[PDB]
Number of protein chains: 2
Amino acid sequence: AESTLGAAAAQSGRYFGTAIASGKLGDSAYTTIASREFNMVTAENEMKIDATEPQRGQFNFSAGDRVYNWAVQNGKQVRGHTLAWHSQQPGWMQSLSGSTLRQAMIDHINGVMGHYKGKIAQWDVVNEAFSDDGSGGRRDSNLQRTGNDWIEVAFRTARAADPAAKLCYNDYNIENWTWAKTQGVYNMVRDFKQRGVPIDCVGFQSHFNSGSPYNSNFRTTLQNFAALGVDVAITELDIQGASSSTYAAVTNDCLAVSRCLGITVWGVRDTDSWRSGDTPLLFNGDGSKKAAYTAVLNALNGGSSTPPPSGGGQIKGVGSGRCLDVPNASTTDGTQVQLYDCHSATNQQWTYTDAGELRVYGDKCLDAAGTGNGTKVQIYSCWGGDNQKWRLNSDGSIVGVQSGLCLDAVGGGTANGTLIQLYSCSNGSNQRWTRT
Amino acid sequence: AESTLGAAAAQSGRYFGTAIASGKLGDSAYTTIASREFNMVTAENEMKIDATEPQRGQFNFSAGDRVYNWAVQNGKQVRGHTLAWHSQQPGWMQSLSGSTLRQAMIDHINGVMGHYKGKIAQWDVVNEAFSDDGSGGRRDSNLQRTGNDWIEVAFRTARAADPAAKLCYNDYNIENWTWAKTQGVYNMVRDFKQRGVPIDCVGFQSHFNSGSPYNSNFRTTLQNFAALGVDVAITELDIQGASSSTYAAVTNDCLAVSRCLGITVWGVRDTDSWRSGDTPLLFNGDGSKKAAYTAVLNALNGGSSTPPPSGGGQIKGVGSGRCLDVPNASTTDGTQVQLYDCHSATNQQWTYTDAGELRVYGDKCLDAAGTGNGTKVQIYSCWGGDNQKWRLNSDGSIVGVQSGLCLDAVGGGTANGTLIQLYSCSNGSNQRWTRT
Ligand SMILES: OC[C@H]1O[C@@H](O)[C@H](O)[C@@H](O)[C@@H]1O
Ligand SMILES: OC[C@H]1O[C@@H](O)[C@H](O)[C@@H](O)[C@@H]1O
Ligand SMILES: OC[C@H]1O[C@@H](O)[C@H](O)[C@@H](O)[C@@H]1O
Ligand SMILES: OC[C@H]1O[C@@H](O)[C@H](O)[C@@H](O)[C@@H]1O
């Protein structure tokens, strides 16, 4: 069922999940997308420490169970997040230190895992235990001050609480191999394995942005941890800008590492993101698929069996043999595009950007002046509107992000001068394109 | 002066105004920008028919006077918007017809203009009286059904009501000279001038978007009406996507016409816009100046001593004599830019886009990883964030939109390999750039 992220991921034995927020489950648009696209669920906040143990010794699973029930009800496995962490600790825990904190950490793990015993596929036992100062050492928190062995203790406690769950160490900024933090985490997991400390996986949050950009060496990082005898998972994926290339690259990295169990993006729609300003997810506020959604789906499905048009190129219609053409090489905003004999001309060289735009002349964009059938497809100053974003379907169709409509050669026309419009996708030859 | 739009416009005897919303006058972030940048004000809603005459014969000028007083007290003239219009009429007027409506229209004009007699620079006496059906004729409204001469009567009444006020006919989609609507309005004004009908100006709302895009012939339209002996004014300008080039083009069109009194943009910040989703104004919601802002200011100040960049070229540091270079022509996100001997290489060719990006390799963007002094300037996948948008000042500095900080050669370095960072603008030579 290569039409959804989860089903496509399953074609390689992997899963594709998202972070679910219980307060959004009543939003039909939200749940429709969530239930359809993912087969793995992580509670975005409902299973955290402050949410599960409001007061010392007083557990509360109402919020967590809403997420859990929704997941199982809709056929999804669940990643528990998270048992031990320095952040978002309830007030009573923040006031703790030393052995009292250590026992509280232990009691919390037992309580929460006990409640979900045998129902959780993966547990992020310890979250973000390493520093960002740049040296790759432990993060100084009340937990770390109880003793360096707190992490090991948390894992030994978790294994005993629920031996059916895969135990993961989860963290961010550990994707680039050259980072000290990545290496500090590697050394710890290696040590655990060497000493029989029970740890089954390492979760790479994968929160990519210009401050901590994705880097191709991520594949070696995954390979390096996998070699230690642990599974690896991309746990909180989101990319600032939602670059199609970066999203596909990360997906391909996981598909290249047999031990990479799957990918979870941190949210459903950009508006649901903890960093919405970065529009880093696969669906926009409207609930529509972004250019990145298609890049990911295509990567999961193996991608095109030929070299993608790097540095721009022509877009030739299959049912007409003619290329996408801007009339008379005009640069006037509002000029509807047409079909025309292909040739070496700037007014026929289109470049698909990572943001999903189809640019010509360098700063002009394939633009749709509306969202319904017949809408004129023209060129307009590039600005990033969804009516300027396109998805390149593997079936050769090019769909408008905002409209969900396909580029369509009017009346099935095939001769030069044939104009281009938007139209309900029909899988027709006049809606199919082969690039060059 | 020339550091603000209003002052810059004043140098040529023109004005740069905005639409003021009375509800936001209590917002210091709003007023700080408004009082500083504009010298002309149009009440966004407080002077309309329904807002000034809630019931026939009962006038209410409280809200209108609030905006008017704020304008005058802060050094701004005022454009009255609007006296006769088919839209937003109070309920009672919407039910009138024939002679009774005609009389109500006249009484309204007399009541409002009498109240502001001698205090309004320009009055939009009649608003949007032409159809968008492509016929170039009058739109069918209760006002039109009272007789084709209603517009003429509205103007004659106005002149008598307040002879010191410049009387304008205001409409939208009358910018592209080839459009039938434009011709329709042109013929009318021409007729009025030949018959002595008291009309002094024509206001072009100038709402541009991919549906009704800006066209260079807008200057022809402006020149054509000016030739009729009437002044012209851009009254409600906003450009979908806030293209720098288009904003500058519209500005130059007005400067090219001796009769163009000035330019008013329909709002202060994008978040105050009736079309916020199109981010069509000059200021971001956070109050920061956008790429277009500087493009408009530069145009008002006479542009540059030399022809602007036609997309694609080097950026040479003034103090170093070296160019902005991406090390080893790397395309890796996170790569910090440096200074390096200038030469013909794609890793030194930057294209400034209308959106304010500085692109290299076609799809990589000059990126600021943060907003504080010392922030690293690098290349990152283009996505449109404000940390990827820049303003090209006429003084040679390049300012980050989001940060408000200048491109800066670290330590005033001049040698190859000197890194680029963000830093408080100092007018230093290591912060000024030019063309090779
Ligand atoms: O002038 C006829 C046609 O000639 C072709 O070379 C151009 O690419 C088309 O845009 C143009 O319409
Ligand atoms: O006839 C309405 C539309 O039907 C679609 O199937 C065709 O692909 C379009 O070109 C046509 O305009
Ligand atoms: O190899 C040293 C330098 O050579 C120049 O040609 C490149 O443009 C620089 O980016 C590079 O750092
Ligand atoms: O004081 C440190 C900073 O001073 C500024 O004046 C310089 O332009 C910067 O390059 C420098 O890093």
Side-chain angles (χ1 to χ4, degrees), chain A residues 42-65 67-68 78-132 137-172 181 184-185 187-203 205 230 235:
Chain A
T42 301
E44 179 174 29
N45 289 297
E46 300 90 342
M47 285 186 203
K48 287 177 175 177
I49 306 174
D50 61 343
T52 50
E53 208 187 331
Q55 291 295 289
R56 190 166 189 177
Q58 182 183 297
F59 294 90
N60 194 308
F61 301 106
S62 61
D65 290 343
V67 175
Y68 177 76
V78 175
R79 299 193 74 266
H81 182 72
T82 176
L83 309 170
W85 187 28
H86 71 283
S87 190
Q88 282 184 280
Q89 294 185 351
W92 64 266
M93 182 177 275
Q94 287 184 51
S95 307
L96 306 183
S97 63
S99 47
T100 316
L101 207 207
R102 173 61 67 82
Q103 194 53 49
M105 175 195 82
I106 294 176
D107 294 330
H108 184 80
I109 294 168
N110 284 327
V112 179
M113 290 188 85
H115 180 74
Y116 292 109
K117 196 174 193 296
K119 302 171 178 181
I120 307 301
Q122 299 174 44
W123 261 113
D124 287 329
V125 182
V126 175
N127 198 50
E128 317 177 338
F130 284 69
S131 177
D132 288 305
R138 294 292 184 81
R139 173 195 297 277
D140 175 45
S141 68
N142 55 352
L143 285 167
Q144 178 55 40
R145 302 188 206 89
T146 65
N148 195 64
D149 66 314
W150 72 279
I151 303 181
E152 183 184 331
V153 171
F155 276 93
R156 287 180 183 293
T157 302
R159 174 69 87 227
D162 183 2
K166 273 186 160 56
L167 310 181
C168 310
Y169 170 72
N170 194 55
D171 215 334
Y172 62 94
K181 198 186 192 185
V185 171
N187 291 319
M188 178 189 77
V189 183
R190 182 179 166 186
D191 175 58
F192 282 6
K193 303 306 297 181
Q194 288 176 171
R195 293 188 295 107
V197 176
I199 177 170
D200 314 298
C201 36
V202 174
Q205 283 184 30
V230 292
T235 57

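Quick note: numbers below take in every heavy atom, side chains included, and nothing from hydrogens, waters or symmetry partners. We name chains A, B, ... by the order of the sequence lines, and we start the count at 1 in each one.
Remark: A:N110 engages A:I106, A:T157, A:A161 in a side chain to side chain contact (heavy atoms under 4.5 Å, CB included) (not counting sequence neighbours). Partners of A:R138 according to the side chain to side chain contact (heavy atoms under 4.5 Å, CB included) rule, which considers only residues two or more places apart in sequence or in another chain, are A:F130, A:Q144, A:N148, A:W150, A:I151, A:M188. Applying the side chain to side chain donor-acceptor pair (under 3.5 Å) test to A:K48 and every residue at least two apart in sequence or in another chain returns A:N45, A:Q88. With sequence neighbours excluded, the residues satisfying side chain to side chain contact (heavy atoms under 4.5 Å, CB included) with A:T42 are A:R79, A:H81, A:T264, A:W266.
At least one side-chain heavy atom of A:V230 sits less than 4.5 Å from a side-chain heavy atom of A:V189. Using a 4.5 Å cut-off on side-chain heavy atoms (C-beta onward), A:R56 and A:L96 make contact. Using a 4.5 Å cut-off on side-chain heavy atoms (C-beta onward), A:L143 and A:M105 make contact. Side-chain contact between A:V112 and A:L83: present, with at least one pair of heavy atoms (C-beta onward) separated by less than 4.5 Å. Under the 4.5 Å side-chain criterion, counting only non-hydrogen atoms from C-beta, A:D140 is not in contact with A:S131. At a threshold of 4.5 Å between non-hydrogen side-chain atoms, the residues A:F59 and A:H108 count as touching. With contacts defined as side-chain heavy-atom distances shorter than 4.5 Å, the pair A:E46/A:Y68 does not qualify. Contact of the A:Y172 side chain with the A:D132 side chain is registered, since non-hydrogen atoms from C-beta on lie closer than 4.5 Å.
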Would A:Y116 and A:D65 satisfy side chain to side chain donor-acceptor pair (under 3.5 Å), going step by step from the backbone distance to the final call?
-> CA-CA 9 Å; A:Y116 292 109; A:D65 290 343; 2.9 Å; yes

Determine, stepwise, if the pair A:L167 / A:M113 fulfils side chain to side chain contact (heavy atoms under 4.5 Å, CB included).
-> CA-CA 11 Å; A:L167 310 181; A:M113 290 188 85; 4.1 Å; yes

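For an aromatic pair to be called close, the ring centres must be under 6.0 Å apart, and A:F155 with A:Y169 fails this.
Scanning both residues, A:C168 and A:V202, for their nearest heavy atoms gives CB-N, 4.5 Å.
The side-chain hydrogen bond (donor to acceptor under 3.5 Å, both in side chains) analysis of residues 89-101 of chain A, with sequence neighbours excluded, yields the pairs A:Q89-A:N142. Sequence neighbours left out, the pairs with a member in residues 150-160 of chain A that pass salt bridge (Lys or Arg N to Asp or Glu O under 4.0 Å) are A:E152-A:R156, A:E152-A:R195, A:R159-A:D200.
Between the side chain of A:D162 and the backbone N or O of A:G118 there is at least one donor-acceptor pair closer than 3.5 Å.
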